[PDB]
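S.K.: Below: one structure in structure tokens.
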Amino acid sequence: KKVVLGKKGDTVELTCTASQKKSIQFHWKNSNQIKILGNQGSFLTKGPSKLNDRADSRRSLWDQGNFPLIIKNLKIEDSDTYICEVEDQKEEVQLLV
Amino acid sequence: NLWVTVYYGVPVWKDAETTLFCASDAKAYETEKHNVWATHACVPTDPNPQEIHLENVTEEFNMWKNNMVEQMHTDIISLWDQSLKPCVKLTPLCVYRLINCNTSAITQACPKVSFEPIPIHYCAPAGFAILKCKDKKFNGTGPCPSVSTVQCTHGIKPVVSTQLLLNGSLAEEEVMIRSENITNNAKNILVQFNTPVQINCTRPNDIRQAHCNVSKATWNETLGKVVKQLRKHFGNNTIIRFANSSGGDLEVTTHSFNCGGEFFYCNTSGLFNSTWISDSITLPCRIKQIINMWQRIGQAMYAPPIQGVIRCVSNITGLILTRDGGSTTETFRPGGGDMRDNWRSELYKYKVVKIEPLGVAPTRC
Amino acid sequence: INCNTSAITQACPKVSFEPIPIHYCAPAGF
Amino acid sequence: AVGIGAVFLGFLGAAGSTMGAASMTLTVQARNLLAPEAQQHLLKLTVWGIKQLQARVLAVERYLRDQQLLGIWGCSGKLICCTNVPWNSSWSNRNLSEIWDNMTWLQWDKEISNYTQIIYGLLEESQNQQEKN
Amino acid sequence: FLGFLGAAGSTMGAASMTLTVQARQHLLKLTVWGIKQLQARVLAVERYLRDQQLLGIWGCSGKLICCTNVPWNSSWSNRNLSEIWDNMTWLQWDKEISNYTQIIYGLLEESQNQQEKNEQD
Amino acid sequence: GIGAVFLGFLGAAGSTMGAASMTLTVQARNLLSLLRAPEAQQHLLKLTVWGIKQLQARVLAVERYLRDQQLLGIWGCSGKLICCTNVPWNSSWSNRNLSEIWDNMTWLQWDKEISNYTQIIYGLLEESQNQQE
Ligand SMILES: *[C@@H]1O[C@H](CO)[C@@H](O[C@@H]2O[C@H](CO)[C@@H](O[C@@H]3O[C@H](CO)[C@@H](O)[C@H](O[C@H]4O[C@H](CO)[C@@H](O)[C@H](O)[C@@H]4O[C@H]4O[C@H](CO)[C@@H](O)[C@H](O)[C@@H]4O)[C@@H]3O)[C@H](O)[C@H]2NC(C)=O)[C@H](O)[C@H]1NC(C)=O
Ligand SMILES: *[C@@H]1O[C@H](CO)[C@@H](O[C@@H]2O[C@H](CO)[C@@H](O)[C@H](O)[C@H]2NC(C)=O)[C@H](O)[C@H]1NC(C)=O
Ligand SMILES: *[C@@H]1O[C@H](CO)[C@@H](O[C@@H]2O[C@H](CO)[C@@H](O)[C@H](O)[C@H]2NC(C)=O)[C@H](O)[C@H]1NC(C)=O
Ligand SMILES: *[C@@H]1O[C@H](CO)[C@@H](O)[C@H](O)[C@H]1NC(C)=O
Ligand SMILES: *[C@@H]1O[C@H](CO)[C@@H](O)[C@H](O)[C@H]1NC(C)=O
Ligand SMILES: *[C@@H]1O[C@H](CO)[C@@H](O)[C@H](O)[C@H]1NC(C)=O
Ligand SMILES: *[C@@H]1O[C@H](CO)[C@@H](O)[C@H](O)[C@H]1NC(C)=O
Ligand SMILES: *[C@@H]1O[C@H](CO)[C@@H](O)[C@H](O)[C@H]1NC(C)=O
Ligand SMILES: *[C@@H]1O[C@H](CO)[C@@H](O)[C@H](O)[C@H]1NC(C)=O
Ligand SMILES: *[C@@H]1O[C@H](CO)[C@@H](O)[C@H](O)[C@H]1NC(C)=O
Ligand SMILES: *[C@@H]1O[C@H](CO)[C@@H](O)[C@H](O)[C@H]1NC(C)=O
């Protein structure tokens with residue numbers, strides 16, 4: 001139950017993190033359980049959400065466990081809750097602009 | 001001579017995590033870059049594989065926690081690193097908020113070399129055995145009803161593709177919908193075929209502009225086969241519609257195989273587009289020289305493409321989908337890219353166990 | 001008369017042909 | 001490989017049968033069993049020859065490490081062998097007809113594996129104290 | 001670990017006694033013919049371990065000379081047992097016993113097998 | 001593999017023979033205890049004489065072990081560590097009190113003791129195992 005605030009447009013870096021340093025598979029979903037952003041091996045993938053063109057991630061940090069989510073062009077309608085599922089640690093971070 | 005015996009030769013097995021060895025059928029004079037690797041890293045396959053069928057045995061297989069998937073995935077990274085040497089290899093290093101991540105650029109001698117995969121076996125060592133689920137309806141997990149023992153599995157071709165599991169092996173009953181847990185929207189639904197939908201990929205005489213022709217007849221009935229046994233998982237009222245990929249990296253939003261050393265990128269957009277109430281299509285394929293490596297996190301940059309025709313006929317014997325959790329209609333926009341799924345979908349019916357042939361039991365001696 | 005003489009053609013260069021001595025050995029266990 | 005690697009796998013036949021049925025097969029299976037290119041002719045003789053002899057001597061030293069362990073207990077070469085250790089009745093507390101008539105070795109070994117280290121210590125000690133006095 | 005154990009065995013009393021006494025570039029020439037002399041030894045180990053399981057089923061494991069409780073039949077080449085060790089080679093046995101060695105191996109199975117149940121009672 | 005255990009016997013030297021035979025029971029369980037690089041055609045026949053030379057050792061460690069337990073198996077017991085047989089101990093073989101042997105002597109002392117008689121016992125162990133059969 002983390003708290004993250006933005007203004008508008010800016011890049012927020014939500015973060016889930018494991019303890020392995022070996023690029024394990026994660027995902028990122030929202031409150032309606034639609035995929036936001038996902039890892040598939042060594043490639044990135046999106047999901048058919050309404051953040052599909054705006055979401056991003058930092059590719060070089062996956063090899064150290066850190067699996068961020070970087071969102072551009074913050075509207076008002078993305079003020080929701082987001083869920084990172086590494087292997088079990090379904091951490092929820094909520095967002096507001 | 002009273003009450004505790006020992007026997008040597010009891011049929012007991014406990015599951016293990018050994019190191020299997022390759023054992024492929026290499027040719028040792030070719031310079032096709034698999035027969036080079038399979039010469040100095042494998043043994044010749046045995047002519048007579050002794051296969052003992054087990055009777056009235058119910059082993060509890062698993063494929064989403066299999067280990068020999070990992071020993072394949074390390075041998076195949078070791079294959080590609082000695083076969084397809086890139087001219088420029090841009091792998092990061094990354095040695096808080098932002099740790100120092102320098103992106104090193106190893107360059108090396110990079111000729112063009114022939115590259116078509118051969119079937120690799122995987123033979124267990126002495127004192128172990130490989131169990132094999134001979135049931136033709138296996139869900140992937142759970143108690144397999146019929147098991148057989150075998151030194152190694154069938155000749156597995158280490159192809160590498162996303163969105164489509166080409167040249168692979170094919171099911172026998174109708175089409176299997178193997179996954180881990182279909183409520184999650186985060187596990188790749190593997191799908192096998194019982195029919196090889198052929199695909200004809202060519203570069204004719206732009207040198208980076210190809211096309212791949214797949215029949216509308218064979219693809220409409222094979223999408224017809226899959227769509228029946230999905231409403232047996234999500235209810236008979238869901239009007240499930242296939243769809244385009246959702247976005248993301250270029251190697252997973254497009255059918256990224258390779259052929260003859262050259263890394264094609266097709267466009268399966270007219271291939272998954274059909275709603276389903278309860279001739280040959282063409283695919284706009286490119287050839288990239290700047291690919292993302294699937295081995296590690298990196299980027300490679302290869303030589304210019306070769307001159308000539310590059311015809312690449314292959315069997316689509318598998319899909320990898322991904323469901324979409326709606327509010328309702330379940331849309332299956334495909335995916336892939338984790339290369340362990342091309343080897344989970346061909347090492348699912350296997351399990352390596354450790355034979356412990358010593359046993360105790362009481363009687364009256 | 002169920003026999004038929006199948007002609008098989010191939011390339012046929014000119015070769016050198018002298019034989020070398022060859023020693024016949026036995027395998028392990030013999 | 002082509003030696004005593006088939007013997008360790010041939011033990012695993014008739015799993016799922018009853019323990020009397022495996023015992024009948026014990027003594028009888030160990031009675032019945034135990035390219036025109038010069039470059040390929042080189043590797044087939046030299047490095048593919050070594051790598052199959054590193055697996056035939058692995059199956060030998062896997063076998064002698066088993067028949068040595070039966071040598072501490074006293075048997076050492078008898079496939080069926082019974083000792084002087086008395087069966088403790090707190091070892092699964094099961095009926096002797098319930099065990100040998102309807103139970104498979106896999107089902108049996110899952111029952112006993114809580115304490116098979118404790119049985120293995122007694123058979124060494126009893127063969128240490130039957131050669132002591 | 002013997003596959004040969006020869007020592008030029010000719011006379012049987014000398015063959016029995018000595019049996020208890022005795023057995024108690026240019027890198028391509030030498031690597032191909034070194035593996036051939038390891039396939040000789042490693043087979044001659046696995047031929048021993050296969051054999052010592054066969055004597056173990058008859059009860060005679062490990063002992064080179066072993067005596068056992070199966071007498072001759074009448075049709076098992078009845079010659080005098082004093083001249084048999086005098087003037088005969090060991091080679092002349094397998095000529096002299098032809099098809100009896102398969103049923104001798106069967107009778108030596110049951111002689112141990114009935115004994116394992118006899119001492120059981 | 002086996003050549004590891006051939007030297008592990010020496011861990012009990014310097015102790016007394018009653019203690020070293022007891023350590024041997026623990027040592028009985030303690031005696032129950034890769035070139036995959038890119039090889040050029042110059043490395044091919046050079047890393048294979050490194051293969052055969054190590055594999056002429058692993059088979060010698062097996063063939064020495066079977067030449068031990070062929071000699072034990074003549075003297076009645078094959079695979080037994082502690083094995084006592086049915087020959088009476090002659091008095092002329094360096095007569096001493098049995099408490100003056102297992103309590104105040106190391107095993108190396110017995111090399112100095114009865115090596116003048118060690119061949120004579122070996123013929124007796126053959127004969128009595130031949131006279132009993
Ligand atoms: C699924 O499996 C199938 C079956 O294996 C795979 O399809 C095979 O694909 C390979 C290439 O990817 C193809 O091999 C070619 O066959 C041609 C027919 O004889 C050969 O002529 C050709 O050799 C040339 O191409 C190589 C490519 O670089 C060169 O290295 C080689 O030296 C030859 O090069 C000459 O010709 C080229 C012009 O092509 C010229 O530029 C050169 O200078 C030189 O003159 C290949 O051997 C097989 O024929 C295909 N099999 C079938 C049945 O069609 C398929 O790839 C697999 N799919 C996946 C995804 O893995
Ligand atoms: C499959 O995965 C999901 C999540 O791990 C599980 O299904 C959901 O479980 C949560 C609790 O963790 C419930 O609140 C949801 O209601 C479940 N989903 C549905 C659609 O009911 C499910 O338990 C997993 N299945 C297995 C076999 O592990
Ligand atoms: C792959 O092909 C599809 C069409 O088969 C492309 O998708 C769009 O298709 C519509 C017609 O249905 C065109 O009008 C658009 O121009 C296409 N593009 C977009 C961005 O909408 C698709 O673009 C092709 N793949 C790639 C990577 O370009
Ligand atoms: C697969 O089927 C087996 C029965 O063979 C069942 O036990 C298991 O729960 C099923 N699993 C999934 C993920 O469908
Ligand atoms: C595919 O088949 C279904 C029924 O089998 C039919 O409704 C549909 O129109 C077909 N589509 C094509 C492109 O043939
Ligand atoms: C869907 O239909 C099949 C037969 O076509 C039936 O067996 C199954 O029970 C149905 N599913 C339901 C009612 O949930
Ligand atoms: C998928 O198809 C839709 C609709 O045709 C199109 O707008 C989109 O750009 C396509 N995306 C990809 C990645 O093919
Ligand atoms: C496709 O599968 C068929 C058997 O269904 C096989 O004979 C053929 O060789 C395969 N095509 C390939 C491997 O290109
Ligand atoms: C399988 O089970 C039946 C019923 O218990 C049993 O009679 C049969 O012997 C078993 N199969 C085998 C091959 O033993
Ligand atoms: C037997 O071992 C298992 C773990 O392997 C343990 O959970 C169980 O409690 C043990 N049972 C007894 C009776 O010791
Ligand atoms: C060969 O025959 C001679 C004459 O009988 C004999 O003295 C000699 O010992 C024999 N050779 C062997 C090896 O026994």
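So you can find residues: chains in the structure tokens are A, B, ... in the order shown, residues in each start at 1, and ligands are numbered from 1 in order.
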As a quick test: using only C-alpha atoms and all ligand atoms, which residues lie no more than 10 Å away from ligand 9? Give them as a list in words.
M.R.: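 Taking only C-alpha atoms and all ligand atoms into account, the residues around ligand 9 at most 10 Å away are residues 54, 55, 56 and 57 of chain B; 14, 15, 16, 17, 18, 21, 102, 103 and 104 of chain D.
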S.K.: Select the residues contacting ligand 5 at a distance of at most 7 Å, based on only C-alpha atoms and all ligand atoms, then format the selection as a tab-separated table (two decimals) with N, CA and C atoms, in the first residue's frame.
M.R.:
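After the write, part34.tsv holds the following:
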```tsv
chain	number	residue	atom	x	y	z
B	216	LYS	N	-5.08	-19.83	-46.23
B	216	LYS	CA	-6.27	-19.42	-45.49
B	216	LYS	C	-7.13	-20.61	-45.12
B	217	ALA	N	-7.02	-21.71	-45.87
B	217	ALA	CA	-7.85	-22.87	-45.58
B	217	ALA	C	-7.35	-23.61	-44.35
B	220	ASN	N	-7.74	-21.49	-41.19
B	220	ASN	CA	-9.07	-21.23	-40.66
B	220	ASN	C	-9.62	-22.43	-39.91
B	221	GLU	N	-9.24	-23.64	-40.32
B	221	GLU	CA	-9.71	-24.80	-39.58
B	221	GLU	C	-8.86	-25.06	-38.35
B	224	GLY	N	-10.02	-22.90	-36.10
B	224	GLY	CA	-11.28	-23.52	-35.76
B	224	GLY	C	-11.14	-24.62	-34.72
```
S.K.: Looking only at the backbone, which of the residues in chain A does DSSP tag as helix (DSSP H, G or I), as a list in words?
M.R.: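 Helix (DSSP H, G or I) assignments inside chain A correspond to residues 59, 60, 61, 62, 63 and 64 of chain A.
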S.K.: Give me the residues within 9 Å of residue 363 in chain B as a short mmCIF file (atom, residue, chain, number, x, y, z; two decimals) with N, CA, C and O atoms, in the first residue's frame, counting only C-alpha atoms and dropping any in the same chain fewer than 2 places off.
M.R.:
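Saved to out.cif:
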```
data_model
loop_
_atom_site.label_atom_id
_atom_site.label_comp_id
_atom_site.auth_asym_id
_atom_site.auth_seq_id
_atom_site.Cartn_x
_atom_site.Cartn_y
_atom_site.Cartn_z
N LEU B 2 17.04 -63.03 11.26
CA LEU B 2 15.81 -62.89 12.03
C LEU B 2 14.76 -62.00 11.38
O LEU B 2 13.68 -62.49 11.05
N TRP B 3 15.03 -60.71 11.19
CA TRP B 3 13.91 -59.85 10.84
C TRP B 3 14.18 -58.65 9.94
O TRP B 3 13.21 -57.95 9.64
N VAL B 4 15.39 -58.38 9.49
CA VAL B 4 15.63 -57.22 8.62
C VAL B 4 16.44 -57.69 7.43
O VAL B 4 17.55 -58.21 7.60
N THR B 5 15.90 -57.52 6.24
CA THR B 5 16.54 -57.95 5.02
C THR B 5 17.04 -56.74 4.26
O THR B 5 16.72 -55.60 4.59
N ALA B 361 13.34 -54.41 3.95
CA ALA B 361 12.01 -54.92 4.19
C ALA B 361 12.12 -56.01 5.23
O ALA B 361 13.15 -56.70 5.26
N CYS B 365 13.63 -64.83 8.32
CA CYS B 365 14.68 -65.66 7.75
C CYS B 365 15.14 -66.75 8.69
O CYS B 365 16.25 -67.26 8.55
N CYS D 82 19.43 -61.42 4.15
CA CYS D 82 18.80 -61.04 5.40
C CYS D 82 19.78 -61.14 6.55
O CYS D 82 20.69 -61.98 6.54
N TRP D 87 13.60 -56.47 13.57
CA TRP D 87 12.73 -55.42 13.06
C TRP D 87 12.01 -54.76 14.22
O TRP D 87 11.24 -55.42 14.93
N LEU D 96 2.31 -57.74 8.18
CA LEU D 96 3.21 -58.37 7.22
C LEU D 96 2.48 -58.93 6.01
O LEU D 96 3.08 -59.06 4.94
#
```
S.K.: Please check the contacts: residues of chain F at most 12 Å away from chain D, using only C-alpha atoms, listed as a VMD selection string.
M.R.: chain F and resid 1 to 3 5 18 21 to 36 39 41 43 to 63 65 to 66 69 73 77 to 85
S.K.: Kindly save the residues from that selection, with C-alpha atoms included, as a short mmCIF file (atom, residue, chain, number, x, y, z; two decimals), in the first residue's frame.
M.R.:
```cif
data_model
loop_
_atom_site.label_atom_id
_atom_site.label_comp_id
_atom_site.auth_asym_id
_atom_site.auth_seq_id
_atom_site.Cartn_x
_atom_site.Cartn_y
_atom_site.Cartn_z
CA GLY F 1 37.18 -41.60 -8.15
CA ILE F 2 38.34 -44.72 -6.30
CA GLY F 3 41.90 -43.39 -5.88
CA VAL F 5 39.61 -43.72 -0.99
CA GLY F 18 41.92 -50.93 18.76
CA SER F 21 39.76 -50.52 13.66
CA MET F 22 36.95 -48.49 15.22
CA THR F 23 37.80 -45.45 13.08
CA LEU F 24 37.73 -47.80 10.07
CA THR F 25 34.00 -48.30 10.70
CA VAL F 26 33.51 -44.54 10.34
CA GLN F 27 36.02 -44.61 7.49
CA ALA F 28 33.86 -47.35 5.93
CA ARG F 29 31.21 -44.71 5.28
CA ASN F 30 33.92 -42.21 4.36
CA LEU F 31 35.18 -44.60 1.71
CA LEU F 32 31.69 -44.44 0.22
CA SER F 33 32.84 -41.02 -1.02
CA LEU F 34 35.39 -31.65 -17.81
CA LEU F 35 36.96 -30.13 -20.94
CA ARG F 36 34.16 -28.38 -22.86
CA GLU F 39 39.09 -26.81 -29.21
CA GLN F 41 42.43 -28.93 -34.54
CA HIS F 43 43.97 -28.60 -29.45
CA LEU F 44 42.06 -31.70 -30.53
CA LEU F 45 44.82 -34.28 -30.33
CA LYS F 46 46.48 -32.48 -27.44
CA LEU F 47 43.46 -32.34 -25.14
CA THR F 48 42.83 -35.99 -25.94
CA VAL F 49 46.21 -37.15 -24.65
CA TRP F 50 45.08 -35.22 -21.58
CA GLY F 51 41.94 -37.31 -21.67
CA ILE F 52 43.50 -40.74 -22.00
CA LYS F 53 46.16 -40.03 -19.38
CA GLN F 54 43.54 -39.24 -16.75
CA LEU F 55 41.47 -42.22 -17.87
CA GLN F 56 44.45 -44.53 -17.53
CA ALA F 57 44.35 -43.59 -13.86
CA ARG F 58 40.66 -44.06 -13.19
CA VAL F 59 40.80 -47.58 -14.57
CA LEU F 60 43.97 -48.36 -12.63
CA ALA F 61 42.18 -47.27 -9.46
CA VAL F 62 39.42 -49.70 -10.38
CA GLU F 63 41.77 -52.48 -11.40
CA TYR F 65 40.64 -52.45 -6.15
CA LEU F 66 39.51 -55.60 -7.92
CA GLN F 69 39.20 -58.08 -3.41
CA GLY F 73 37.89 -63.52 -1.78
CA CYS F 77 35.65 -63.17 2.75
CA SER F 78 34.89 -60.86 -0.18
CA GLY F 79 33.76 -57.37 0.67
CA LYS F 80 34.15 -57.76 4.41
CA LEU F 81 36.26 -55.10 6.04
CA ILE F 82 36.70 -56.80 9.41
CA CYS F 83 36.97 -60.49 8.58
CA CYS F 84 38.12 -63.21 10.93
CA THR F 85 38.58 -66.75 9.71
#
```
